[PDB]
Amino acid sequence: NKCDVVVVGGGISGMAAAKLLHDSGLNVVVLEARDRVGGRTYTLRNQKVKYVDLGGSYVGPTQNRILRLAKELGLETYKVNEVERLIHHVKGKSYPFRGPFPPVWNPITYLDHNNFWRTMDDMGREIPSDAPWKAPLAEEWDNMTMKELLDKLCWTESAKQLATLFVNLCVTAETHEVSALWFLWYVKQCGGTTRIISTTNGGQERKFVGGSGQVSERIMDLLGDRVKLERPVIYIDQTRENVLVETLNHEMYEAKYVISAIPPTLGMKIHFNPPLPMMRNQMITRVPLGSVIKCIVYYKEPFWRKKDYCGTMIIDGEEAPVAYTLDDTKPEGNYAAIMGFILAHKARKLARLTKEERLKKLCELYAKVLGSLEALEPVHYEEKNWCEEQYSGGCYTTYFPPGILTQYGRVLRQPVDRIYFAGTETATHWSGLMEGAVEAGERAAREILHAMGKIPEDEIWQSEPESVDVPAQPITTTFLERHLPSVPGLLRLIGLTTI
């Protein structure tokens, strides 16, 4: 009933906010719609898999907040398998390689690929992480889709196809669905192209032993009966001295402040009194989440390793249901498994099939890519289509269609009277991921602490010490990578020598 702060949403962000406030001595309540905490993280446990992350899973260097929170809760990480060769499957053929990027041999295609990634990061440097709408060319970039940008930048189909796969994989959306400004911000605020795409030294380096769901679960353990499950919030009334928060199951909660720790668009599920300001009212109708099915196929052994394949496959082409896989085998070497994502339009298209039909398609794909009949012999299968989730809206995160980030972006984490906004979408570093969830939850909590006069203004945003367990190697480039011309750059160079 009565408390200091109501946190709407018991995902990592809401739980991190609640924990910080609780630790500070405030009385907090977490109102969670589902019969579980964790939200876009979910760790299934059964005898066949032991445990498996069906939602958010990967953590890595530079994600120091999630690493610190998890460590404090008694969790450990392990390294995703990248010992053996990666595979790039292009035009029906597999090409093994090493390093974050698939190598390209054609001199022209090489220049084009090199220029694409370089330009993505170049453009990124012009975009403030905490205010992407302040980029010098914000409007120009926001008024273009990523498809238009790729069409302009890529002088080869090879680069365009790989860039497209990259976008689909990064933000579970099609290149024509998303703003170029927003996508460029998204990559930059994850530390750039190399950091976001890498397993070793990147966002996919590690997973939590026992699953990421433990983060939210262990915070719930700490908070006890303060977490209220199956309490979807339907109504927030700020017309009186204390904020009134009502749930679907007919309960009323009274608080000094509220943290909204749900995906921005899911704010639509709440009726507000007084109405939201115009900009937020419209913003929450303009910000969809992406589409993805996370699929894990289990095998007797990690047979790919015997062929000097680590389990990573970058698979291009419309026919492939999954465009990207990672080895999901336990650190102990058992429960051998391949994790694959079915992305964007394919999540929509293939949702029509049965679980068994999807398993068959994945195994047949993997058999071809790995050149291994063993891939046709799965022992178990688990999957989760996040598009079906009423209380998520999709995964991994919210994307911005053209024109929206510049017009409505500044509204995202602007308080509405006594409502403050958490959720990974409001983060400024690794927004979209578990790291961003922690950053945003703790920042929102500290905004309330400041509002109560408990901390100074300069303590709202707090730096995080680097993990000792997961140190970050710097992202480096070669002289040639920095200075090799683009394709049009080479053509202009030829033109001047001709003239």
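Residue numbers run from 1 along the displayed sequence.
When the C-alpha B-factors of 221-229 and 422-430 are averaged, 221-229 comes out higher. Here 359-367 and 96-104 are compared by their mean Cα B-factor, and 96-104 comes out higher. The PDB entry assigns the greatest CA B-factor among 247, 372, 200, 143 to 247.
Residues shown: 342, 255, 137, 123. Highest C-alpha temperature factor in the entry: 255. Among all modelled residues in its chain, residue 480 ranks in the highest third by Cα B-factor. Ranked by Cα temperature factor within the chain, residue 155 sits in the highest third according to the deposited record. Per-chain ranking of the deposited C-alpha B factor places residue 133 in the middle third. Compared with the other modelled residues of the chain, the Cα B-factor recorded for residue 400 ranks in the lowest third. In this PDB entry, the Cα temperature factor of residue 319 sits in the top third of its chain's modelled residues, the highest group.
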